[PDB]
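Below you'll find only one chain, the form deposited in one PDB entry, shown as C-alpha cells.
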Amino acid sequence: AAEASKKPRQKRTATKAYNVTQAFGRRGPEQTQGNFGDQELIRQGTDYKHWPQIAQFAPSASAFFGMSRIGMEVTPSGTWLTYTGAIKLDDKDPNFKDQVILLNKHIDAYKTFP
C-alpha cells in the first residue's frame, strides 16, 4: 500500500497488501538485515494465521527501551539507533514447546528458498 509505506520503517505493519519484503526488505544474513520469516509469513505479515503466537514475544515501546542495550551510531548513511537484547521464553508455559517450534520455523527460514 502507498499509505502503509509512508510510515517510518519501525512503525510499519506488514500485511498481505504490504508484505514483509515490501515493508522491511528481503530476508538475509547481513548484520542489520532481517532474518525472520518463512515464505508464508513473508507473504502475509500480520495476516499470518499464527501471528498472535509470534507477537506475544514482541516488546512494548517501554520494554524495548527498558530491556535493550541502546546506542547511537553516526555513519555515512545517516544516524542510527542500534539495539540489542534478549527475551526469555517461559519454560513453565504448557505451550513452551510449540512456541520454540514456531519461532525456529521462521528464524533463518530464507536459507531454504530463493
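Heads up: residue numbers just count along the shown sequence, starting at 1.
What comes next is about the form deposited with a small molecule bound, which is not displayed.
Chemist: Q44, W51 and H106 - do all three of these have some heavy atom no more than 4.5 Å from the small molecule in the deposited complex?
Modeler: Checking in the deposited complex: none of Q44, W51 and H106 is within 4.5 Å of the small molecule.
Chemist: Is there any non-hydrogen atom of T21 lying within 4.5 Å of the small molecule in the deposited complex?
Modeler: Contact check for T21: yes, within 4.5 Å of the small molecule in the deposited complex.
Chemist: With heavy atoms only and a cut-off of 4.5 Å, decide whether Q39 touches the small molecule in the deposited complex.
Modeler: Within the cut-off, so yes.
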